[PDB]
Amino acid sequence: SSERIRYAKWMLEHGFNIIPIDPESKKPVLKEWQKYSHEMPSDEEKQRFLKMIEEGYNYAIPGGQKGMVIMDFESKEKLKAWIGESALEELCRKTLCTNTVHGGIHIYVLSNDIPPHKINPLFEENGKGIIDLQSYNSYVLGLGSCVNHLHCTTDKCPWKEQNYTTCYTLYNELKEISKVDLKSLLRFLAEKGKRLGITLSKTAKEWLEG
(Lines of atoms letter the chains of each structure in order from A and count residues from 1; the text may use other names and numbers.)
(Lines give C-alpha, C1' and ligand atoms only; values in the text may rest on other atoms or scores of the structure.)
Protein backbone atom coordinates (compact mmCIF):
# COMPACT_ATOMS: atom_id res chain seq x y z
CA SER A 1 0.00 0.00 0.00
CA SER A 2 1.32 3.43 1.01
CA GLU A 3 4.92 4.21 1.84
CA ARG A 4 3.82 5.65 5.16
CA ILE A 5 2.37 2.32 6.32
CA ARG A 6 5.17 0.26 4.73
CA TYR A 7 7.88 2.16 6.59
CA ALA A 8 5.93 2.34 9.83
CA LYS A 9 5.65 -1.47 9.74
CA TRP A 10 9.34 -1.72 8.85
CA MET A 11 10.38 0.19 11.99
CA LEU A 12 8.15 -2.00 14.17
CA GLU A 13 9.52 -5.08 12.41
CA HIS A 14 12.96 -4.09 13.65
CA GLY A 15 11.90 -3.68 17.26
CA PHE A 16 11.39 0.09 17.35
CA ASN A 17 8.25 1.69 18.74
CA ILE A 18 6.33 4.33 16.80
CA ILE A 19 3.47 6.62 17.78
CA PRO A 20 0.81 8.25 15.58
CA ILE A 21 0.76 12.04 15.28
CA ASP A 22 -2.60 13.78 15.59
CA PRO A 23 -3.57 15.59 12.34
CA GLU A 24 -4.78 18.67 14.23
CA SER A 25 -2.46 19.09 17.21
CA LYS A 26 0.47 17.85 15.11
CA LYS A 27 1.65 16.13 18.30
CA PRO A 28 1.66 12.47 19.39
CA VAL A 29 -1.81 11.03 20.00
CA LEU A 30 -0.69 10.15 23.53
CA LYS A 31 0.62 12.74 25.98
CA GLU A 32 2.85 10.21 27.75
CA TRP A 33 4.58 8.90 24.63
CA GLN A 34 8.00 9.20 26.30
CA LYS A 35 7.43 5.85 27.98
CA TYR A 36 7.81 4.26 24.54
CA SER A 37 11.56 4.78 24.66
CA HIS A 38 11.65 1.92 27.18
CA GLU A 39 8.65 -0.38 26.63
CA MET A 40 6.24 -1.58 23.94
CA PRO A 41 2.58 -0.49 23.69
CA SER A 42 1.34 -4.11 23.45
CA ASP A 43 -0.77 -5.83 20.77
CA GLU A 44 -3.90 -3.76 21.43
CA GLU A 45 -2.36 -0.30 21.21
CA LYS A 46 -0.14 -1.39 18.32
CA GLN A 47 -3.03 -2.42 16.08
CA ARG A 48 -4.85 0.77 17.05
CA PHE A 49 -1.76 2.79 16.14
CA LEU A 50 -1.31 1.01 12.80
CA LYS A 51 -4.94 1.68 11.95
CA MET A 52 -4.52 5.42 12.59
CA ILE A 53 -1.45 5.42 10.35
CA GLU A 54 -3.18 3.44 7.60
CA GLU A 55 -6.05 5.92 7.76
CA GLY A 56 -3.62 8.75 7.11
CA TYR A 57 -1.97 9.85 10.36
CA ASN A 58 1.74 10.65 10.29
CA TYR A 59 3.89 8.83 12.83
CA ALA A 60 6.96 9.49 14.90
CA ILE A 61 9.83 7.45 16.24
CA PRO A 62 10.95 8.21 19.82
CA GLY A 63 14.70 8.50 20.25
CA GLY A 64 16.88 6.62 22.74
CA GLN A 65 15.20 3.27 22.05
CA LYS A 66 17.68 0.41 22.37
CA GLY A 67 20.54 2.89 21.98
CA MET A 68 19.17 4.35 18.77
CA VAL A 69 19.48 8.12 18.28
CA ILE A 70 18.89 10.42 15.31
CA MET A 71 21.29 13.15 14.23
CA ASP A 72 18.90 15.81 12.93
CA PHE A 73 20.68 18.21 10.54
CA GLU A 74 18.80 21.34 9.46
CA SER A 75 20.30 21.37 5.95
CA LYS A 76 21.43 18.49 3.73
CA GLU A 77 23.29 20.72 1.28
CA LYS A 78 25.15 22.23 4.22
CA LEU A 79 26.24 18.81 5.50
CA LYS A 80 27.45 17.89 2.02
CA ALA A 81 29.72 20.94 2.03
CA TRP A 82 30.61 20.23 5.67
CA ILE A 83 32.00 16.68 5.54
CA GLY A 84 32.19 16.27 1.78
CA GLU A 85 30.21 14.18 -0.68
CA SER A 86 32.40 11.12 -0.08
CA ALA A 87 31.95 11.12 3.70
CA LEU A 88 28.19 11.70 3.49
CA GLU A 89 27.71 8.92 0.94
CA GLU A 90 29.69 6.44 3.02
CA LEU A 91 27.74 7.30 6.16
CA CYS A 92 24.41 6.89 4.37
CA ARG A 93 25.73 3.77 2.69
CA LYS A 94 26.16 2.15 6.10
CA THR A 95 23.06 3.39 7.93
CA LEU A 96 19.56 4.80 7.38
CA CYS A 97 19.39 8.44 6.24
CA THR A 98 16.24 10.36 5.34
CA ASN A 99 15.33 13.69 3.76
CA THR A 100 13.18 15.92 6.00
CA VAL A 101 10.24 18.02 4.81
CA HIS A 102 12.33 21.18 5.21
CA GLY A 103 15.46 20.18 3.30
CA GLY A 104 17.28 18.67 6.24
CA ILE A 105 18.62 15.18 6.72
CA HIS A 106 18.11 12.62 9.50
CA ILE A 107 20.92 10.15 10.15
CA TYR A 108 19.74 7.24 12.34
CA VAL A 109 22.44 5.45 14.32
CA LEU A 110 22.89 2.93 17.13
CA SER A 111 25.31 3.91 19.90
CA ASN A 112 26.66 2.15 22.99
CA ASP A 113 27.33 5.54 24.56
CA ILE A 114 24.29 7.82 24.43
CA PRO A 115 24.56 11.18 26.25
CA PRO A 116 22.92 10.79 29.67
CA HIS A 117 21.40 14.24 29.12
CA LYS A 118 20.48 16.63 26.31
CA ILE A 119 23.53 18.31 24.77
CA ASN A 120 21.80 20.22 21.96
CA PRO A 121 22.58 21.75 19.67
CA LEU A 122 25.52 19.51 18.78
CA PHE A 123 27.12 22.05 16.44
CA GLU A 124 26.55 25.72 15.68
CA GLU A 125 27.34 28.08 12.80
CA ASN A 126 27.25 31.85 13.20
CA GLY A 127 25.86 31.48 16.72
CA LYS A 128 22.98 29.17 15.76
CA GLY A 129 22.32 25.44 16.07
CA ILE A 130 22.45 23.47 12.84
CA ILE A 131 22.00 19.93 14.17
CA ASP A 132 20.34 18.34 17.19
CA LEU A 133 20.79 14.84 18.58
CA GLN A 134 17.35 13.31 19.07
CA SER A 135 17.59 10.92 22.00
CA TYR A 136 15.37 10.25 25.02
CA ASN A 137 12.33 12.52 25.27
CA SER A 138 12.48 13.48 21.62
CA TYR A 139 11.23 12.01 18.36
CA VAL A 140 11.42 12.48 14.61
CA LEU A 141 8.68 12.00 12.03
CA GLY A 142 9.07 8.77 10.10
CA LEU A 143 9.43 7.98 6.40
CA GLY A 144 6.24 8.54 4.47
CA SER A 145 4.92 11.25 6.79
CA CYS A 146 3.82 14.29 4.78
CA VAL A 147 3.44 17.92 5.81
CA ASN A 148 1.41 20.66 4.14
CA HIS A 149 3.21 23.94 4.76
CA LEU A 150 0.20 26.26 4.40
CA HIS A 151 -0.02 26.88 8.16
CA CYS A 152 3.70 27.27 8.85
CA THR A 153 4.32 30.97 9.48
CA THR A 154 7.73 30.91 11.20
CA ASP A 155 11.13 31.46 9.59
CA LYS A 156 12.03 27.87 10.47
CA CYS A 157 9.96 26.74 7.48
CA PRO A 158 11.46 27.55 4.08
CA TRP A 159 8.00 27.00 2.58
CA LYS A 160 6.25 29.58 4.81
CA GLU A 161 2.49 29.63 4.10
CA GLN A 162 2.89 27.92 0.73
CA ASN A 163 0.15 25.60 -0.55
CA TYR A 164 2.81 22.95 -0.83
CA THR A 165 3.23 19.44 0.56
CA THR A 166 6.49 17.55 1.06
CA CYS A 167 7.24 14.25 2.80
CA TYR A 168 9.98 12.43 4.65
CA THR A 169 11.76 10.40 1.98
CA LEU A 170 14.72 8.05 1.74
CA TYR A 171 18.05 9.78 1.10
CA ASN A 172 19.08 6.94 -1.23
CA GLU A 173 17.88 3.40 -0.41
CA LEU A 174 16.31 1.66 2.57
CA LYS A 175 18.98 0.34 4.92
CA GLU A 176 19.31 -1.07 8.42
CA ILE A 177 20.04 1.37 11.25
CA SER A 178 23.60 0.40 12.13
CA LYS A 179 26.09 1.10 14.89
CA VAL A 180 28.51 4.01 14.83
CA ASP A 181 31.12 5.23 17.29
CA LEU A 182 29.22 8.37 18.27
CA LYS A 183 32.13 10.21 19.89
CA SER A 184 34.42 9.30 16.98
CA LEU A 185 31.80 10.60 14.55
CA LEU A 186 31.44 13.87 16.44
CA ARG A 187 35.21 14.33 16.46
CA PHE A 188 35.27 13.79 12.69
CA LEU A 189 32.51 16.36 12.21
CA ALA A 190 34.33 18.77 14.53
CA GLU A 191 37.62 18.45 12.64
CA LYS A 192 35.95 18.79 9.23
CA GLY A 193 33.82 21.76 10.26
CA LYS A 194 36.44 24.00 11.86
CA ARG A 195 37.47 25.35 8.46
CA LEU A 196 33.89 26.27 7.56
CA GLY A 197 32.92 28.08 10.74
CA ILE A 198 31.12 25.08 12.23
CA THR A 199 31.89 24.33 15.88
CA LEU A 200 30.67 22.09 18.71
CA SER A 201 28.39 23.62 21.34
CA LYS A 202 29.73 24.20 24.86
CA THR A 203 27.75 21.30 26.30
CA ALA A 204 28.57 18.99 23.39
CA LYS A 205 32.32 19.57 23.65
CA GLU A 206 31.94 19.04 27.40
CA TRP A 207 30.47 15.55 27.05
CA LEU A 208 32.81 14.71 24.18
CA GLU A 209 35.86 15.46 26.34
CA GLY A 210 34.38 13.78 29.40
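Heads up: residue numbers just count along the shown sequence, starting at 1.
**Student:** On average, which has the higher Cα B-factor in the deposited entry, 29-37 or 150-158?
**Tutor:** Taking the mean C-alpha B-factor of 29-37 and of 150-158, the larger value falls to 150-158.
**Student:** Higher mean Cα B-factor in the deposited model: 135-143 or 108-116?
**Tutor:** The entry gives the higher C-alpha B-factor average to 108-116.
**Student:** Where does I198 sit by CA temperature factor within its chain: lowest, middle or highest third?
**Tutor:** Its C-alpha B-factor, which the entry lists for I198, ranks in the highest third among residues of this chain.
**Student:** Where does the C-alpha B-factor of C92 rank in its chain, lowest, middle or highest third?
**Tutor:** It falls in the middle third of the chain.
**Student:** In terms of the CA temperature factor given in the entry, to which third of its chain does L186 belong: lowest, middle or highest?
**Tutor:** For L186, the deposited C-alpha B-factor lands in the middle third.
**Student:** Lowest, middle or highest third: which one holds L122 when the chain's residues are ordered by CA B-factor from the entry?
**Tutor:** Highest third of the chain for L122's C-alpha B-factor.
**Student:** Check where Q65 lands among this chain's C-alpha B-factors and tell me if it's the lowest, middle or highest third.
**Tutor:** Its C-alpha B-factor, which the entry lists for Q65, ranks in the middle third among residues of this chain.
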